[PDB]
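Asks: The structure is given below, and queries will be raised subsequently.
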Amino acid sequence: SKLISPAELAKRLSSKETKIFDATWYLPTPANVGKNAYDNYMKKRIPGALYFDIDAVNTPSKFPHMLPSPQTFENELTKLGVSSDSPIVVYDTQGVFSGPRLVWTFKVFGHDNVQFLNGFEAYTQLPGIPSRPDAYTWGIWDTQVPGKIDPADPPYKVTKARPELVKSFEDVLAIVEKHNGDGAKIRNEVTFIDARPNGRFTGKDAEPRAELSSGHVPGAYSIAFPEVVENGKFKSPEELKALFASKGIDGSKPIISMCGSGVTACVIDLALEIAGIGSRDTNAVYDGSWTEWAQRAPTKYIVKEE
């Protein structure tokens with residue numbers, strides 16, 4: 001959905017109708033091991049910000065960041081205070097890494113009134129808030145343990161729960177109707193995109209679970225991560241429009257995204273909503289990854305190596 005700036009957020013904050021969620025799940029590699037969200041979240045956050053357990057919400061799943069059910073979700077966001085028509089805002093301490101997964105998640109469940117914070121680092125360099133004015137350079141943060149959250153009433157209740165925005169692994173293996181790539185109208189039927197790096201496609205690069213292959217699945221206009229981001233945030237709307245139309249990326253046909261766990265494939269839904277190349281009700285996303293397309297799929301689908 002929309003995005004906003006950090007400056008308008010200070011104004012938007014002073015009334016507690018804007019329920020803020022933080023989402024900073026780090027990758028489970030040995031580098032960030034010992035760099036948690038929940039342990040860093042309860043030491044520095046924004047006044048009203050809340051955590052969402054993407055590791056506990058979607059507890060029953062092979063791929064750990066799978067989309068949970070509408071009734072292991074509603075009956076926890078009631079425990080977080082949000083209502084059906086409560087606007088919400090998102091921020092990630094990492095730049096643009098793990099945020100939009102939650103935005104896409106809310107979009108699945110008929111929740112409009114959702115926006116994402118462009119630049120975190122500029123919020124860090126604010127002077128302060130109109131509220132808490134006498135405290136300059138504090139008030140932006142809330143360095144205290146999260147206390148008592150009075151639960152929601154009336155409770156969250158999703159009216160719509162539109163699932164067509166997500167596609168099963170069958171829904172992507174069902175390109176078998178035409179399996180000769182762009183020559184078979186994969187470039188005309190379903191404009192796949194992969195948020196994997198250009199090194200992890202157009203050839204072969206080390207996957208995270210480095211026992212299976214890596215490449216560029218059939219008929220997929222590959223747009224990569226830094227191609228829209230610049231050191232803390234997204235590019236201009238015209239910037240993204242040019243980034244796509246300069247390629248063959250154009251919202252003329254069905255369009256689907258891909259990356260590891262889907263945790264960053266939703267970036268290539270957010271940027272699209274920003275530019276407008278498609279439709280909010282169509283620009284779907286495949287939560288399964290190359291991890292699914294290599295571990296639980298055929299052997300001929302993979303793209304070529306060097």
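Following the order of the structure tokens, chains are lettered A, B, ..., residues in each are numbered from 1, and ligands are numbered from 1.
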Just want the 8 Å neighbourhood of residue 288 in chain A, counted on only C-alpha atoms, with same-chain residues fewer than 5 positions away dropped. Output as a VMD selection string.

Replies: chain A and resid 63 66 168 to 169 258 to 262 293

Asks: Identify, on the basis of only C-alpha atoms, every residue whose closest approach to range 71-75 of chain A does not exceed 7 Å; exclude the query and any residue fewer than 2 positions from it along the same chain; express the result as a VMD selection string.

Replies: chain A and resid 57 68 to 69 77 to 79 156 to 157

Asks: If we count only C-alpha atoms and set the cut-off at 12 Å, which residues sit around range 98-100 of chain A, ignoring sequence neighbours fewer than 2 positions away in its own chain? Please answer as number ranges by chain.

Replies: A: 1-3, 20-27, 37, 51-52, 54, 65, 89-96, 102-107, 114-120, 233-234, 260-273, 285

Asks: Residues near residue 136 in chain A, anyone? I mean within 7 Å using only C-alpha atoms, not counting same-chain ones fewer than 3 positions away, as a PyMOL selection string.

Replies: chain A and resi 127-128+133

Asks: Output N, CA and C atoms of each residue in that selection to a file, as a short mmCIF file (atom, residue, chain, number, x, y, z; two decimals), in the first residue's frame.

Replies:
```cif
data_model
loop_
_atom_site.label_atom_id
_atom_site.label_comp_id
_atom_site.auth_asym_id
_atom_site.auth_seq_id
_atom_site.Cartn_x
_atom_site.Cartn_y
_atom_site.Cartn_z
N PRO A 127 14.83 15.84 15.23
CA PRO A 127 15.03 16.58 16.47
C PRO A 127 14.12 16.09 17.58
N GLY A 128 12.91 15.70 17.21
CA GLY A 128 11.92 15.30 18.20
C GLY A 128 10.53 15.32 17.63
N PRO A 133 7.69 17.70 23.69
CA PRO A 133 8.52 18.73 23.06
C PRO A 133 9.71 19.14 23.89
#
```

Asks: May I ask for the distance between CA of residue 196 in chain A and CA of residue 221 in chain A, given in Å to one decimal place?

Replies: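 CA of residue 196 in chain A sits 11.2 Å away from CA of residue 221 in chain A.
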
Asks: Run DSSP on the backbone and grab whatever in range 61-209 of chain A lands in strand (DSSP E or B); send it over as a PyMOL selection string.

Replies: chain A and resi 88-91+114-117+166+191-192

Asks: List the spatial neighbours of residue 132 in chain A as number ranges by chain - criterion: any atom at most 12 Å away, only C-alpha atoms, same-chain residues fewer than 5 positions off excluded.

Replies: A: 10-11, 13-14, 47, 127, 137-142

Asks: How far is it from CA of residue 238 in chain A to CA of residue 255 in chain A, in Å with one decimal?

Replies: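 We find that CA of residue 238 in chain A and CA of residue 255 in chain A lie 19.8 Å from each other.
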
Asks: Between A:145, A:302, A:12, A:296, which one has atoms that come closest to residue 130 in chain A, using only C-alpha atoms?

Replies: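 Checking each candidate against residue 130 in chain A, we get A:12 as the closest.
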
Asks: Name the residues in contact with residue 244 in chain A at a cut-off of 9 Å, using only C-alpha atoms, excluding same-chain residues fewer than 6 positions from it; report them as a list in words.

Replies: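 Skipping anything fewer than 6 positions along the chain leaves residues 223, 250, 275 and 277 of chain A.
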
Asks: For residue 286 in chain A, which residue out of A:212, A:176, A:245, A:195 is the nearest one, using only C-alpha atoms?

Replies: A:195

Asks: Quick check for you: according to DSSP on this backbone, which residues of range 111-143 of chain A are classed as helix (DSSP H, G or I)? Reply as a count of residues only.

Replies: 5
